[PDB]
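A short worksheet on the structure shown next.
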Amino acid sequence: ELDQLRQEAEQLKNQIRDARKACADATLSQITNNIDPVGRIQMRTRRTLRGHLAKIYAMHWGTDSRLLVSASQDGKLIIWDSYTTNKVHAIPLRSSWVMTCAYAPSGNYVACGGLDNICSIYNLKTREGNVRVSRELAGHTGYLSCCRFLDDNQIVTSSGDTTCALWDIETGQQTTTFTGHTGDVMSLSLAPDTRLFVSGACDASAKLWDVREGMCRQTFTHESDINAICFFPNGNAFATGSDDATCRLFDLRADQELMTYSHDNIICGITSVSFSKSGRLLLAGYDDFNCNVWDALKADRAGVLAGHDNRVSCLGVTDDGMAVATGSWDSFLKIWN
Amino acid sequence: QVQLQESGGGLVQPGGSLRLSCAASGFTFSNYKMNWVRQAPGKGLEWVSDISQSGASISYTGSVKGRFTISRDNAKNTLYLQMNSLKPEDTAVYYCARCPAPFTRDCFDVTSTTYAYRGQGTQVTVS
Amino acid sequence: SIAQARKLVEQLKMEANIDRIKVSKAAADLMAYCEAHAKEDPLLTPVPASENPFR
Amino acid sequence: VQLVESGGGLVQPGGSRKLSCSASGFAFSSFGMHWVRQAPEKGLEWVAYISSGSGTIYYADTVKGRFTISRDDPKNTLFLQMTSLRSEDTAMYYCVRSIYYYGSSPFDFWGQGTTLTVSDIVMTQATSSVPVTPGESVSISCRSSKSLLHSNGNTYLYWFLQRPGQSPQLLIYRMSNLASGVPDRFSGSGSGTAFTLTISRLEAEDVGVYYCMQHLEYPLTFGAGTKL
Amino acid sequence: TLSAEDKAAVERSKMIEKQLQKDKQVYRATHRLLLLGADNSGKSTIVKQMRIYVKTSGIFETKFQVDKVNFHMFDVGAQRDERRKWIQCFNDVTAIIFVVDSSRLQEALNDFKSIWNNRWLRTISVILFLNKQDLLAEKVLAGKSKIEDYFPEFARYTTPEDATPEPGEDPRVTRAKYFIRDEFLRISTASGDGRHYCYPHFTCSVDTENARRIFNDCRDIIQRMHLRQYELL
Amino acid sequence: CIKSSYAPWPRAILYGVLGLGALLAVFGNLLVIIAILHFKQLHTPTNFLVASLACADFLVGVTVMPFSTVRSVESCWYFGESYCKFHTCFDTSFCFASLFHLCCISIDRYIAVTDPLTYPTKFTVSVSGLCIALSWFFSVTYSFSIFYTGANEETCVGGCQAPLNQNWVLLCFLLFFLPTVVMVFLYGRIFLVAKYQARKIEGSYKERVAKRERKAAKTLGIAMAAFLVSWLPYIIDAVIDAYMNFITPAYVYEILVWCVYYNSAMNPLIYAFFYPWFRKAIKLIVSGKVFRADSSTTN
Ligand SMILES: CN(C)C1CCCCC1
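Protein chains in written order, with the deposited numbering: chain B, 3 to 223, 225 to 340; chain N, 1 to 127; chain C, 8 to 62; chain S, 2 to 120, 137 to 245; chain A, 4 to 18, 26 to 63, 202 to 251, 265 to 394; chain R, 22 to 175, 185 to 233, 244 to 339.
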């Protein structure tokens, strides 16, 4: 019956755990006992981007590290100019319950989505002087949580249903569908190699997928739901944040946890996680109106980016690595340097 | 990997007594609120009782009030349930569940076979 | 419900025999990569005020 | 997109005339508009400019107090009133559109134009005519009175080509970027005072006149031009 | 100290700012409401009777204007049972219209307790509707099903003096109604700071006075907020 | 004329009691305008009205308040005869400019409570423009038509205290009577609404209802008493002196007259400093911190 299947699954899990323990021979904390400390790092606000009405939920930097896009619950996507604090585009949306946005790697398209279970693709450079809807992807049954671009004709989506999807813009169908989760998948990050990508769901489990194969390859298992995930700049490790006030750093080749970032004075959860250009600083936003910077080699706090009023929702770092963009539920955007 | 193992199931005569034990691992047992859930045949899941972090606050379903008792052991990381004077309608599958977010006062744990932080379940029958 | 159990067993079997390296070998490579780009990180070492777009 | 001009004709000196450019196929409310006049055989000139929202006005020095410009957004029309017409206003007029933001391409479309008959920074590109056979590369040089580079990093140099028989079109803007419908065969370069435009492979439809433009200052000067 | 195009870009940015400012008066003059409920409750009946004035969409929107003020009503119809992550979007909603079917009650009590004690859902008021009051009278009159079987504390209850029934039908129906009403208000009572209150009502799926019932509650909420702001309460 | 001399003796401790009010009326009122103008929040029309009132109050704290101090103690007016034609015009204008403002603040607070749903649309920014400009206009026309033109006339070179005449003493009475009764009626209705909303919550036990009533009374009656006790004696003396002899001595004209001025000191301490958000925004100014960046008052 099902009893033999359960016994076989338990035996397989025990064997995998034993093998993973056998492959562990040292702790990175012991090794990292000679590197000089990063030292106290001070950061100051440079610009303040005002103009939104309701709370801001997501943002994404551009490829040229000059333009950025922001999404609000008032039903607005605003494209800013970081250097001079201007306003280029003020796209109004149909449904005012958006939860994600994405900026194309070439600068020609923008994407949005939310509770409507529809991904909208907007075109920026057109013959006329207005932005119009180009495609309305609709094949999901839950709520969109994150969207990312691979090329100008490929997009990857994550939904409230325990599925992920790869789409084709020209046709409007689903080329590949990934399944295997149990809870809601809420974050999605892409590797620089463009071949692999990670996913994090509300089951205390992180997964790695293959775009061409369409099948899972790894599974990493945290105590509560996972809110954010991000790749290491090398491409062989990643970081995850949860609601238990901890941050974890996993390595793909070793397939085992490496470090834990937590402190006894931290009770609220983590919402956004990002790295730096050199992969030395880990910036994480928390629910207690503050944001912390960790040295991802010794698990020691260094500097706080205080200055917001309500919860911090979004956080990003430019490709050129010259600024950090932070948003919150106070309808404000801050640029730190 | 978090897991919840139940025990204490079986068959009993009407009017008897019974014990149920729930064991947990992989998380700090002293910072979460625990609940008990049962599933009758042909009916959806229902809430029975819950116990707070320190056991100061305790609540029961009206239909089972006065006969069931709930307790926890933080040192041993264990949850207990004591049942007395069973009735023929009190045969079902039992689960011990945990609130999703620590340091909170509310939970959404009665879900149609979708909740992840739930045990396998034990069948208890009386006749 | 047997189909779900069979799928889970097959998924666990597929991800059961894979190549794995020691933790120390991956940690050393991570440290080596991290120490090779220390001079190209403006956040680590602040850029002079002249070469700063946000002044 | 369509931009059609109404007006023109022959007028005695000292009269008054109305010229109207009407647009169709694009959002007129978000585009600034200029006016460019061309003498029968003498270069190009800038005479008037209106911005978006009707918040800013500019005129030329020779028409500072005789011409007036206005637009009607709901009717999607623009028009200018010309008074005290001398013998210098016998020319062909074009209504051109431009939009200004980061990454935009101003002067992206020109109209057919209408003819009318009556009964600062200086550029020298006096290379006259350089005839050439089809198949080989060419090069056109240009010099500016003052350096056009600014502290923002840009250069503000524009190139234009007019085929014989129709309106001009845009080729290169800001001295480095390439237009949309133009091929990759054209290329451009410069250093601040000396600039050049190069065609590596020439085709039989490349005959025409080549002009230039600066946009560092509101007084706008085109140049003499060059013929191939 | 700017070029020719920088000034035009600044002018365009100021025009966008003017448009945004003109797009603000329409936002604060409109009130939004979140309408929850179970499956057996008369949710669809209320939505259909509010109309007096696309196959997988996850949200539905309703517009209605009373007393020269217009409201926005939202209802979810395509999500999954788990709802602990998309409920955080509604933190700037004027009120939550809960609907309970009196004829399964303990599940509604648990849902109300969970919503009332949420961290991000504070400062949000709840308008409670106890629908299907016609069938309750018939059920209690029939007598085949006793309420004391599911609730033991029903015996030690008395009709309160402040209770005033409009029709002269029966006292037992009033006792049964006010038992449930007090059971619901007991959860709301155990709170502090007076940030959010409860507004129970006795309504049916066919009643035509629901629009004014919401209007009065919204007016009371706004008035209490304004009074508390100016140190008058 | 020089010979006239004040009876006070070298116990001149009064110089500060009336001087502290003068210092507070100028130093304590510029802070309000700075806080209102700097912070991006608190830009609502209700705060525009308070900012005007602060503007009207500031001009009397440095023009009339310190110059009239000498005249109210020594009674010599050594400053100049030419200023007399301007000082008098700057006293009847600037005060009456702080009286109609209270009537606008009241009506705004009333419309904010008795009709909550349609408040943002009715009380727009342009309405406060009429509210701000009308009081100044009426005060200006009344100031120079009666006093500057010298049409109210009916001694030696000293401190002129030109009183009103028979035909222009009621016009100084109706303009005080109408706004006072309007404000009293509006705040009475506000108190009735507050009393009504206090009993519905307590559902009534007469243990907390009295507490809510006491809080409402303490909030409203303080402002009513502050207004109505610093203005009534002067109007009473003006109506008594008119249609009668000048039995009133000079011993008290200065007391009264001085008394009235004081209220331009209590205005920023009653309509600005009593709410927490203004206090927080004002405290941030003293710390320095303003220089670093802006902030968000708790509101
Ligand atoms: C005497 N000063 C205080 C004022 C009093 C009110 C009328 C105008 C003059």
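Quick reminder that beta carbons are idealized off the backbone N, C-alpha and C, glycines included.
Nearest-angstrom Cα separation, counted from residue j out to residue i
| i | j | result |
| --- | --- | --- |
| residue 172 of chain R | residue 201 of chain R | 14 Å |
| residue 37 of chain N | residue 228 of chain B | 21 Å |
| residue 167 of chain B | residue 13 of chain B | 32 Å |
| residue 295 of chain A | residue 373 of chain A | 21 Å |
| residue 50 of chain N | residue 21 of chain B | 38 Å |
| residue 14 of chain S | residue 118 of chain S | 10 Å |
| residue 13 of chain N | residue 276 of chain A | 40 Å |
| residue 183 of chain S | residue 172 of chain S | 29 Å |
| residue 17 of chain S | residue 6 of chain S | 17 Å |
| residue 96 of chain B | residue 77 of chain B | 7 Å |
| residue 319 of chain B | residue 72 of chain B | 12 Å |
| residue 240 of chain S | residue 105 of chain S | 24 Å |
| residue 135 of chain B | residue 155 of chain B | 15 Å |
| residue 42 of chain R | residue 302 of chain R | 7 Å |
| residue 58 of chain N | residue 45 of chain A | 31 Å |
| residue 339 of chain R | residue 99 of chain S | 45 Å |
| residue 94 of chain N | residue 35 of chain N | 11 Å |
| residue 24 of chain B | residue 62 of chain N | 52 Å |
| residue 187 of chain B | residue 162 of chain B | 6 Å |
| residue 94 of chain R | residue 162 of chain R | 31 Å |
| residue 169 of chain B | residue 72 of chain R | 58 Å |
Residue i Cβ short of 7 Å to ligand 1 heavy atom set
| i | result |
| --- | --- |
| residue 300 of chain R | yes |
| residue 315 of chain B | no |
| residue 112 of chain R | yes |
| residue 297 of chain R | yes |
| residue 274 of chain R | yes |
| residue 202 of chain R | yes |
| residue 124 of chain R | no |
| residue 116 of chain R | yes |
Residue environment, residue i, which counts as buried when at least 16 other CB atoms sit within 10 Å
| i | result |
| --- | --- |
| residue 220 of chain S | exposed |
| residue 116 of chain R | buried |
| residue 224 of chain B | No atoms are given for residue 224 of chain B, which sits in the stretch of chain B between 223 and 225 that the model skips. |
| residue 148 of chain B | buried |
| residue 75 of chain N | exposed |
| residue 38 of chain R | exposed |
| residue 217 of chain B | exposed |
| residue 10 of chain R | Here chain R covers residues 22 to 339 and nothing more, so residue 10 of chain R does not appear. |
| residue 242 of chain A | buried |
Beta carbon of residue i nearer than 8 Å to that of residue j
| i | j | result |
| --- | --- | --- |
| residue 72 of chain S | residue 84 of chain S | no |
| residue 20 of chain N | residue 6 of chain N | yes |
| residue 144 of chain B | residue 228 of chain A | yes |
| residue 385 of chain A | residue 227 of chain R | yes |
| residue 224 of chain A | residue 210 of chain A | no |
At what residue ranges does the segment 41-70 of chain S contain a whole run of the beta strand (DSSP E), taking only runs of 3 or more? 45-51 and 58-60
Write down every uninterrupted run of the alpha helix (DSSP H) in the segment 282-359 of chain A whose length is 4 residues or greater and which is fully enclosed by it, in chain order. 294-303 and 332-350
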